[PDB]
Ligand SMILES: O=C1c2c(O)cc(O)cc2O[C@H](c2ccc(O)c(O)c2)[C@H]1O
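What follows is a single chain, given as structure tokens, in the form solved without the ligand.
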């Protein structure tokens, strides 16, 4: 039979210039602090064009933990980032696309995820879509707050 793939599309404006928002959000070493969702973020190797890194989440409200490896390709020149899952997990596939658009007073981050769950996975498209929206919004809001706070150079 046929079915539709899943997708998430979230945005948030960070009151800081592109350079800072880009540098912070792409500083993998800081991810476990920047993202409340990530317990670990380990770069495994630099595939030249991009890199492969392992991510592991902090347990969610139910105690579930996710861990996977993804190939990430940042492209500062194009103010864009793309990545996709490479392991055999519940996701048939999962790819990401981040854009950083200049707006009055800051940078608007837009994160898009396109995926499809394997049949029988603990989470189906509907459930995972809800889970990802919740965590993504939480992550983007924490990141906004952290960046804007460090961006203040006064007292």
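In this text, the rigid core denotes the largest set of C-alpha atoms whose superposition between the two forms falls within 1.5 Å. Residue numbers count along the first chain shown, from 1.
- Looking at 117 to 125 and 54 to 62 together, the entry lists the larger mean B-factor for 117 to 125, computed on C-alpha atoms.
- As listed in the deposited structure, the average C-alpha B-factor of 39 to 47 and of 25 to 33 is greater for 39 to 47.
- Sorting the modelled residues of the chain by their CA temperature factor places residue 91 in the highest third.
- Ranked within its chain, residue 142 lands in the lowest third, by CA B factor from the PDB record.
- Residue 150 sits in the lowest third of its chain by CA B factor, as recorded in the PDB entry.
- Among the modelled residues of its chain, residue 109 has a C-alpha B-factor that falls in the lowest third, as given in the PDB entry.
- When all modelled residues of the chain are sorted by CA temperature factor, residue 79 is found within the middle third.
Omitted here: the form solved in complex with the ligand. The next part is about that form.
- Among the residues 66, 51, 111, 31, the one placing a heavy atom within 4.5 Å of the ligand in the bound PDB entry is 66.
- Site annotation in the bound PDB entry: the residue of 40, 47, 60, 27 reaching within 4.5 Å of the ligand with a heavy atom is 60.
- Here the marked residues 91, 128 and 131 all reach the ligand in the bound PDB entry, each with a heavy atom within 4.5 angstroms.
- Shown alone here, residue 123 lies within 4.5 Å of the ligand in the bound PDB entry, counting heavy atoms only.
- A residue is said to contact a partner when one of its heavy atoms sits within 4.5 Å of a partner heavy atom; residue 71 fails this definition for the ligand in the bound PDB entry, lying far away.
- Although the partner is absent here, residue 84 lies well away from the ligand in the bound PDB entry, with no heavy atom inside 4.5 Å.
- Looking at CA displacements between this form and the one not shown with the core superposed, a shift of 2 Å or more is confined, among 33, 60, 124, 27, to 60.
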